[PDB]
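Below is one structure, written out as structure tokens; the observations come after it.
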Amino acid sequence: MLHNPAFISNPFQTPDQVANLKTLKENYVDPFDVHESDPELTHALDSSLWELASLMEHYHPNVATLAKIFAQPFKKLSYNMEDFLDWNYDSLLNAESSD
Amino acid sequence: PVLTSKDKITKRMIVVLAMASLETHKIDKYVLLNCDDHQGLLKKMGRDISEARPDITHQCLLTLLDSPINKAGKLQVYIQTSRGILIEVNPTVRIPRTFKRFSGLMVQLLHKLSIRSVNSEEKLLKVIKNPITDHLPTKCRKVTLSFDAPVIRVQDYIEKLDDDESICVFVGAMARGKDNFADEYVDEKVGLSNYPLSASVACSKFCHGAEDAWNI
Amino acid sequence: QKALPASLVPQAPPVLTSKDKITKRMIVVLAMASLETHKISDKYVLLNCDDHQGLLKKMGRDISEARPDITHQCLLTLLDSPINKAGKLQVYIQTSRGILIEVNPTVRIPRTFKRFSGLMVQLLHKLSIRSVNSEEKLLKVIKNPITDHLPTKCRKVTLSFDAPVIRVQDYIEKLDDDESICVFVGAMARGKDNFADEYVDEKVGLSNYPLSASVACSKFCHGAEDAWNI
Amino acid sequence: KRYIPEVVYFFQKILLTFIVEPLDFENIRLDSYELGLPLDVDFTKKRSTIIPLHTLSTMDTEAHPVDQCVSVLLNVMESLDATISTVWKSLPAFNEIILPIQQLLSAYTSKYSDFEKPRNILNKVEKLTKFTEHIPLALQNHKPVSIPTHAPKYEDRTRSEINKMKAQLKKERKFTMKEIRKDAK
Amino acid sequence: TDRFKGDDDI
Amino acid sequence: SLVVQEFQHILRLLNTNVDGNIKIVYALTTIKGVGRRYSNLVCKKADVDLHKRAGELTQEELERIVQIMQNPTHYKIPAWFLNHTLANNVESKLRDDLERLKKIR
RNA sequence: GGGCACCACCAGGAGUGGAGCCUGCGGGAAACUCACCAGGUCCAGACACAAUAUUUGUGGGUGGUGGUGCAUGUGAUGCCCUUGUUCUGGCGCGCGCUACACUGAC
């Protein structure tokens, strides 16, 4: 659900495959349904993360880097959410200050 | 036939060795400013040590000169010095394959300011005033071979071009430098492979692909 | 329809020496290349064409032959080539004297001729050269013959001028799967293409026009990269 | 030219405040359900717009007319469409970004069917969605890394001096031994 | 690291 | 359909780093200084699974064995649990005297 | 014409030569000739507003005690380049043995 090689195009192939790529790029439709309560039946394996694309286009520096970490190649596996937890406006301002 | 700037119609390939490091010095006669021949003198002159390398120019020159499309007579070489000196290189000369005679040829070019044959019918190496557009033909497309641009298969690109729209390919022959030098001249930037290549192998790849699209 | 690969760290391709005798790859040899030693007397040196000619003459051989410039330039473009980034070829130098040289596909050839020659004489007397980190011997002089060093499933051709011409893209698409290729190039200044005609099968040509060994190597490299989509 | 999700949430909340006077949109958490706008709008172009003339509105807002709420509504409409054409058309999540906003303004049209600036907002919304392509992402693609390369190597004084002295000692002792042997024989 | 740059020097 | 779990890579203990997937014997060898029998005896002294991984051995038993390695003699432990000019003169003398020997002979 | 041979053919096998120990057998980074190289010391020291008896508080000028062809020294010349004072030092041959092979080690 993050990137699809059927939609990435290859320079090393035929007019046939380029035409077919264009046809499927036109005929694609996201089949995700959100009002569904059946979690196995929301077809969420067939979607992308446009939300994370915008999170890449965030405004703030710290959040922008924390989405470019999603864009960068998948290195590690540990992040210690117990550390990533305690944050809000007050602590954020403290850290930043120190017509 | 012989292709000159006095021809300005048909399909051809024109290469640009942009900001190629070529400096000379006066020791008592002249010596090329080769890096490894003397670095302390460069330390005195303040020009940085790893920036003046004319052997890379030699390698690119040998590659373009012995490419098969040169035997097809369909290219010509324009050198842009970092100090404002255009040099035209004709398609029918045998530049030396030895660095000693090559560097001597550079210093005598740099203080004779022209090179004609002793055959004396046409020139071999010319020193003409920049800009380059004075000799660049009419239907000319100017493309930088840059690493950051999206890559394109050479056969598709050469055939995607028209018939008489001739092609000029820009390569900065330096070791290192920021690649936004050619923008006030070039149409567009194209990549060629996923890897940091060399100037010589990039020019060879391009003339090989053009060879394939014109079936030499 | 089909899952993506599990890990997506773009890893380095597996580096290759001759000890792998299985993987399908490419090998280029430089035949009859001139890399000769001499002891001037208080310094050893590599024989060079231009500057020392009467001392070549007092030895008695031909200055028309003793020239390593083409070897150096061909080696430079080959070990610079993008298939050498993809890690799919290695270099064998078969000297004019007879020594086998395996050149690893991770070395960085010295760009200037003087540094290149100093390395070459150190190799030709010392037999092995280590990296700047000093755990891997990048240059390996090794034992004749070369086919007793090559991988098993190979085709062996020479690159000659008189041969009929083909498209190397056509040839590499004509090959089989595990069948590697082995192209012999003639890095001589001026000589007959009769060096390995008992070793290899057939002669091949890339144009009806004579080339250099360098641009022939570039032509073969780019036919390779187009045939293998790299 | 960046993006703010808090702004899109602001739009959600404030427009539901002007509709509530709930079941279609229970994902919202409104605040003061009352102060809506009943069906008495005259919607002429002579109505009060933004009038960015501040404290005269701010410290005296509490005595609400229909007119000041209509004004702050049309301020919201202008602000929305302005940042629409500034950022939100360009953003890649445009589609499900503007899904519930399209819901909101279509609800305004089904309520009143009278405004024309919301109506043209809906029209340009349809134009932008029919226009844009909405392909899935291709975030994870990398150029192949090359091989690690290296560099060639070519060209303790007291210890080496001890070495050379030891070689000289060995050579001299063996030589003198040979000499003594010969002369004695 | 090294990519069409040259060598080190002592 | 749910089950919950009760893993840490290369550790930094006493000025050097040690791997994280192999059994505690090989771990206590790659820790700088000490030996196999020492390892097996101190691990059965702290009563830790011999077979467990270095990815295993969580923080409490880790710091316990750190206490033991930092102060072993408090745990009934034995001591095997811790860890030119004349050349010039003789050369010059022999060479000189043999020189004179050659000369007289 | 015939016969022969690990000083030949053919098939292979094993050695000498890399490294260490050794009985034994022979025997010219930099500088056309009071330079460079390398070291360190002199300086890289206009003015405008306010005020003390030249310096301070506040604004700011910067390329030529330049090379330079060429034509009659005439050229607000075209390019290039600037970014000097001071003492010091420059063995060969050679047989044996030991290392280095999950062709395992305990």
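Letters A, B, ... go to the chains of the structure tokens in the order shown; residues in each chain start at 1; ligands are counted from 1 in the same order.
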Could you write out as a short mmCIF file (atom, residue, chain, number, x, y, z; two decimals) with N, CA, C and O atoms, in the first residue's frame the residues of chain E within 9 Å of chain D, counting only C-alpha atoms?
```cif
data_model
loop_
_atom_site.label_atom_id
_atom_site.label_comp_id
_atom_site.auth_asym_id
_atom_site.auth_seq_id
_atom_site.Cartn_x
_atom_site.Cartn_y
_atom_site.Cartn_z
N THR E 1 31.95 5.80 -1.89
CA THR E 1 32.52 7.13 -1.71
C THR E 1 33.14 7.66 -2.99
O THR E 1 32.64 8.61 -3.57
N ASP E 2 34.24 7.05 -3.42
CA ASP E 2 35.00 7.55 -4.57
C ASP E 2 34.26 7.26 -5.87
O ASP E 2 33.92 6.11 -6.16
N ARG E 3 34.02 8.30 -6.66
CA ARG E 3 33.22 8.19 -7.88
C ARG E 3 33.69 9.24 -8.88
O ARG E 3 33.22 10.38 -8.85
N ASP E 7 42.49 10.14 -6.86
CA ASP E 7 43.12 9.37 -5.79
C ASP E 7 43.36 10.26 -4.59
O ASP E 7 43.12 11.47 -4.61
N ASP E 8 43.85 9.63 -3.53
CA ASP E 8 44.44 10.37 -2.44
C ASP E 8 45.88 10.70 -2.79
O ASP E 8 46.41 10.27 -3.82
#
```
Query raised in the report: chain C: which residues are alpha helix (DSSP H) by DSSP, as a PyMOL selection string?
Result: chain C and resi 54-59+69-80+82-86+113-126+168-174+213-227
Report task. Kindly determine which residues of chain D lie within 10 Å of chain B, considering only C-alpha atoms, and give the answer as a PyMOL selection string. Result -> chain D and resi 142-146
For N, CA and C atoms, I'd like the residues from the last selection saved as a PDB file, in the first residue's frame.
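Wrote it out as part35.pdb, contents follow:
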```
ATOM      1  N   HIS D 142      14.402   3.600  -5.054  1.00  0.00           N
ATOM      2  CA  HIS D 142      15.764   4.029  -4.804  1.00  0.00           C
ATOM      3  C   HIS D 142      16.637   3.604  -5.971  1.00  0.00           C
ATOM      4  N   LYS D 143      17.595   4.446  -6.305  1.00  0.00           N
ATOM      5  CA  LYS D 143      18.571   4.069  -7.305  1.00  0.00           C
ATOM      6  C   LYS D 143      19.434   2.964  -6.726  1.00  0.00           C
ATOM      7  N   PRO D 144      19.888   2.012  -7.528  1.00  0.00           N
ATOM      8  CA  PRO D 144      20.774   0.970  -7.002  1.00  0.00           C
ATOM      9  C   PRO D 144      22.119   1.542  -6.586  1.00  0.00           C
ATOM     10  N   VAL D 145      22.513   1.241  -5.353  1.00  0.00           N
ATOM     11  CA  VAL D 145      23.830   1.630  -4.885  1.00  0.00           C
ATOM     12  C   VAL D 145      24.878   0.850  -5.655  1.00  0.00           C
ATOM     13  N   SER D 146      26.065   1.411  -5.755  1.00  0.00           N
ATOM     14  CA  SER D 146      27.131   0.746  -6.478  1.00  0.00           C
ATOM     15  C   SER D 146      27.923  -0.158  -5.547  1.00  0.00           C
TER      16      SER D 146
END
```
Report task. Could the residues of chain F within 12 Å of chain D, counting only C-alpha atoms, be given as an MDAnalysis selection string, please? Result -> chainID F and resid 84:105
Report summary line: Nearest to residue 9 in chain A, restricted to only C-alpha atoms and choosing among B:136, B:151, B:161, B:42, comes out as B:151
**Report entry** Distance filter 9 Å, only C-alpha atoms, chain C against chain E, as a PyMOL selection string
**Finding:** chain C and resi 80+108-112
Using C-alpha atoms, can you export the residues from the last selection as a PDB file, in the first residue's frame?
```pdb
ATOM      1  CA  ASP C  80      34.737   3.186 -14.848  1.00  0.00           C
ATOM      2  CA  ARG C 108      40.247   2.561  -8.426  1.00  0.00           C
ATOM      3  CA  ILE C 109      42.781   2.893 -11.248  1.00  0.00           C
ATOM      4  CA  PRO C 110      45.118   5.875 -10.738  1.00  0.00           C
ATOM      5  CA  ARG C 111      44.024   8.563 -13.157  1.00  0.00           C
ATOM      6  CA  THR C 112      47.448   9.861 -14.118  1.00  0.00           C
TER       7      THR C 112
END
```
Query raised in the report: What lies within 12 Å of residue 91 in chain G using only C-alpha atoms (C1' of nucleotides), ignoring chain neighbours under 6 positions off, as number ranges by chain?
Result: D: 167-168, 171; G: 26-27
Could the residues of chain C that have an atom at most 12 Å from chain B be listed as a Markdown table, each with its closest atom pair and the distance in Å to one decimal, counting only C-alpha atoms and ordered by chain and ascending residue number?
```
| residue | atom | partner | partner_atom | distance |
| --- | --- | --- | --- | --- |
| C:48 | CA | B:98 | CA | 10.3 |
| C:49 | CA | B:98 | CA | 8.8 |
| C:50 | CA | B:98 | CA | 7.8 |
| C:51 | CA | B:100 | CA | 8.6 |
| C:67 | CA | B:98 | CA | 9.5 |
| C:68 | CA | B:98 | CA | 10.0 |
| C:69 | CA | B:98 | CA | 7.0 |
| C:70 | CA | B:97 | CA | 7.9 |
| C:71 | CA | B:97 | CA | 11.4 |
| C:72 | CA | B:59 | CA | 10.7 |
| C:73 | CA | B:59 | CA | 7.5 |
| C:74 | CA | B:59 | CA | 10.1 |
| C:75 | CA | B:59 | CA | 11.8 |
| C:76 | CA | B:59 | CA | 9.2 |
| C:77 | CA | B:201 | CA | 6.5 |
| C:78 | CA | B:201 | CA | 8.8 |
| C:79 | CA | B:201 | CA | 10.3 |
| C:80 | CA | B:198 | CA | 6.9 |
| C:81 | CA | B:201 | CA | 6.3 |
| C:82 | CA | B:197 | CA | 6.8 |
| C:83 | CA | B:195 | CA | 9.9 |
| C:84 | CA | B:195 | CA | 10.4 |
| C:85 | CA | B:195 | CA | 7.3 |
| C:86 | CA | B:195 | CA | 9.1 |
| C:110 | CA | B:36 | CA | 11.5 |
| C:111 | CA | B:55 | CA | 8.0 |
| C:112 | CA | B:55 | CA | 7.3 |
| C:113 | CA | B:99 | CA | 8.2 |
| C:114 | CA | B:36 | CA | 8.3 |
| C:115 | CA | B:36 | CA | 8.8 |
| C:116 | CA | B:36 | CA | 11.9 |
| C:165 | CA | B:216 | CA | 11.4 |
| C:166 | CA | B:216 | CA | 11.6 |
| C:167 | CA | B:212 | CA | 9.6 |
| C:168 | CA | B:212 | CA | 11.3 |
| C:169 | CA | B:212 | CA | 10.5 |
| C:189 | CA | B:97 | CA | 11.1 |
| C:206 | CA | B:68 | CA | 9.6 |
| C:207 | CA | B:68 | CA | 7.8 |
| C:208 | CA | B:216 | CA | 9.2 |
| C:209 | CA | B:71 | CA | 7.2 |
| C:210 | CA | B:68 | CA | 8.4 |
| C:211 | CA | B:66 | CA | 6.5 |
| C:212 | CA | B:66 | CA | 6.6 |
| C:213 | CA | B:66 | CA | 9.7 |
| C:214 | CA | B:63 | CA | 7.7 |
| C:215 | CA | B:67 | CA | 6.1 |
| C:216 | CA | B:67 | CA | 8.8 |
| C:217 | CA | B:204 | CA | 10.3 |
| C:218 | CA | B:204 | CA | 6.7 |
| C:219 | CA | B:208 | CA | 6.7 |
| C:220 | CA | B:208 | CA | 10.0 |
| C:221 | CA | B:205 | CA | 9.0 |
| C:222 | CA | B:205 | CA | 6.5 |
| C:223 | CA | B:208 | CA | 8.8 |
| C:224 | CA | B:205 | CA | 11.5 |
| C:225 | CA | B:205 | CA | 10.0 |
| C:226 | CA | B:153 | CA | 9.3 |
| C:229 | CA | B:153 | CA | 10.2 |
| C:230 | CA | B:193 | CA | 7.9 |
```
Requested in this report: Find the residues near residue 53 in chain A: any atom within 9 Å, counting only C-alpha atoms (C1' of nucleotides), skip ones fewer than 6 places away on the same chain, and give them as a PyMOL selection string.
Outcome: (chain A and resi 67) or (chain D and resi 91-93+137+139)
Filtering to C-alpha atoms, could you give me those residues as a PDB file, in the first residue's frame?
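In the end it all went to result31.pdb:
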```
ATOM      1  CA  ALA A  67       7.724  12.171   7.421  1.00  0.00           C
TER       2      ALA A  67
ATOM      3  CA  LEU D  91      -1.725  18.861  -2.420  1.00  0.00           C
ATOM      4  CA  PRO D  92      -1.695  15.123  -3.248  1.00  0.00           C
ATOM      5  CA  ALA D  93      -4.362  14.206  -0.744  1.00  0.00           C
ATOM      6  CA  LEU D 137       1.917   6.801  -4.269  1.00  0.00           C
ATOM      7  CA  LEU D 139       7.336   6.710  -2.238  1.00  0.00           C
TER       8      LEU D 139
END
```
Query raised in the report: Would you list which chain A residues are within 10 Å of chain D using only C-alpha atoms, as a PyMOL selection string?
Result: chain A and resi 1-5+7-8+25-26+28-30+46-60+70-74+99
Give me, as a short mmCIF file (atom, residue, chain, number, x, y, z; two decimals) with N, CA, C and O atoms, in the first residue's frame, the residues of chain F touching chain A, with the criterion being at most 12 Å (counting only C-alpha atoms).
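File iface.cif, as written:
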```
data_model
loop_
_atom_site.label_atom_id
_atom_site.label_comp_id
_atom_site.auth_asym_id
_atom_site.auth_seq_id
_atom_site.Cartn_x
_atom_site.Cartn_y
_atom_site.Cartn_z
N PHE F 7 13.86 -8.31 23.36
CA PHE F 7 14.92 -8.54 22.39
C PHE F 7 15.77 -7.28 22.21
O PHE F 7 15.25 -6.22 21.85
N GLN F 8 17.07 -7.40 22.46
CA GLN F 8 17.97 -6.26 22.41
C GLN F 8 19.26 -6.68 21.74
O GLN F 8 19.86 -7.69 22.10
N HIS F 9 19.71 -5.87 20.78
CA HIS F 9 20.88 -6.20 19.97
C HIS F 9 22.14 -5.81 20.75
O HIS F 9 22.09 -5.64 21.97
#
```
Requested in this report: Give me the residues within 12 Å of residue 87 in chain G as JSON, numbers by chain, counting only C-alpha atoms (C1' of nucleotides) and dropping any in the same chain fewer than 4 places off.
Outcome: {"G": [39, 40, 41]}
Selection from above, C-alpha atoms (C1' of nucleotides), as a PDB file, in the first residue's frame, can you write it?
```pdb
ATOM      1  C1'   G G  39      61.348  27.580   9.146  1.00  0.00           C
ATOM      2  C1'   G G  40      59.674  31.468  11.698  1.00  0.00           C
ATOM      3  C1'   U G  41      59.847  37.772  12.361  1.00  0.00           C
TER       4        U G  41
END
```
Show me which bits of chain C are within 6 Å of chain D, counting only C-alpha atoms, as an mmCIF file with C-alpha atoms, in the first residue's frame.
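Below is the file that was written, out.cif:
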```
data_model
loop_
_atom_site.group_PDB
_atom_site.id
_atom_site.type_symbol
_atom_site.label_atom_id
_atom_site.label_comp_id
_atom_site.auth_asym_id
_atom_site.auth_seq_id
_atom_site.Cartn_x
_atom_site.Cartn_y
_atom_site.Cartn_z
ATOM 1 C CA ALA C 12 25.197 -3.586 -2.744
ATOM 2 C CA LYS C 85 28.987 -0.440 -11.001
ATOM 3 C CA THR C 106 36.607 -2.816 -6.811
ATOM 4 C CA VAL C 107 39.937 -1.115 -7.508
ATOM 5 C CA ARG C 108 40.247 2.561 -8.426
ATOM 6 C CA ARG C 130 46.757 -4.295 -0.761
ATOM 7 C CA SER C 131 44.185 -1.555 -0.299
ATOM 8 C CA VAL C 132 44.531 1.516 1.848
#
```
Query raised in the report: Do you have the CA of residue 70 in chain F-CA of residue 12 in chain F distance handy?
Result: 14.5 Å
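The space between CA of residue 17 in chain D and CA of residue 63 in chain D spans 17.6 Å.
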Query raised in the report: In Å, how far is it from CA of residue 102 in chain C to CA of residue 197 in chain C?
Result: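 CA of residue 102 in chain C sits 21.1 Å away from CA of residue 197 in chain C.
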Requested in this report: At a cut-off of 12 Å, list the chain G residues touching chain D, using only C-alpha atoms (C1' of nucleotides), as a ChimeraX atom specification.
Outcome: /G:22-24,91
Requested in this report: At a cut-off of 12 Å, list the chain C residues touching chain A, using only C-alpha atoms, as a count of residues only.
Outcome: 17
